[PDB]
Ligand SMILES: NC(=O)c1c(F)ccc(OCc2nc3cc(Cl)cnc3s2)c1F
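Here we start with a single chain on its own, the form deposited without the ligand, put down as structure tokens.
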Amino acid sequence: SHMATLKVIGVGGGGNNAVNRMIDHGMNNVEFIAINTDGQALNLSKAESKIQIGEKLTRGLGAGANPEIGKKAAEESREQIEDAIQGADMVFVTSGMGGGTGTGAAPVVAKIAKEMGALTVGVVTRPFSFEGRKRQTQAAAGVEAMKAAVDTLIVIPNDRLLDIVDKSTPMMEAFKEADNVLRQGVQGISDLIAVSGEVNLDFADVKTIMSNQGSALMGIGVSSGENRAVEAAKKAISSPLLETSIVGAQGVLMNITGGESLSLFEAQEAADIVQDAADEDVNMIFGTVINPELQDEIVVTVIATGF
């Protein structure tokens, strides 16, 4: 009866990089929108829907690290952005904070999406420390503006990427690990909506956990074998890339997908892992999906808010 529409909007270079890499990986039922001041970069976007903002302000160049230019560019293109969003039930805005276009335009895009009725989720990066204190301060202002504009916000500090590489890991491989946060979160919600569960969660439950909540965690864990449920739940909540850990979470949406072997005992174990790591009394919205195609695999998806 309700087919929820999910859109992913990349704003500025980093955001559109993430969109491009997600399209390459392959997403389905999700619509992509690319927004940038930089017309050269936008010509290379793989997104179906492309919005060049601020052409008169920038002559098709970027914003030159000036967020006021990105903000004014987005505000002047409000009607085009509205038209591209219209009909979305959920919008993910992804951007790299610290530059001019993402920093300034992404909070405007998020504000428009929320004013258009969409549940609005931001997934943004903070710059590497080696980019310097000015970039970090500009980024921090962007994060605060994002938080004011979205329903929920996931911040990925790029410094955390330095914790998951070895001395030879290619930069692009590291960047794909940061992309997975957004990609797997979107996929988890898409799967929740598309698939009827035995204990069934719906898009209204996503809205209840995410609407007007501030910081968020979105995680997926997959495991097989002995202790799979605990192992998958620990993976869902323990990403090394997040600014907002699970600790302090007051509300959680947790969905467990398994085959016909999914036991009640292991569902409780998984729920307990999440409750205990939060170190809070967590208001949980718990779901389960029986996918008989799965054999020994179990998948735990977690959305945590209420920090």
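Residue positions are given as counts along the sequence shown, with the first one as 1.
We do not show the form deposited with the ligand bound, though everything after this point is about it.
Look at 224-232, 108-116, 196-204, 73-81: in the entry with it bound, residues with non-hydrogen atoms within 4.5 angstroms of the ligand sit in 196-204. The three residues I9, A47 and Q86 each lack any heavy atom within 4.5 Å of the ligand in the entry with it bound. A residue is said to contact a partner when one of its heavy atoms sits within 4.5 Å of a partner heavy atom; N20 fails this definition for the ligand in the entry with it bound, lying far away.
Within 4.5 Å of some heavy atom of the ligand in the entry with it bound lies at least one heavy atom of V289. Interface membership of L192, defined by any non-hydrogen atom within 4.5 Å of the ligand in the entry with it bound, is confirmed.
When the ligand is considered in the entry with it bound, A149 lies well away from it, no heavy atom lying within 4.5 Å.
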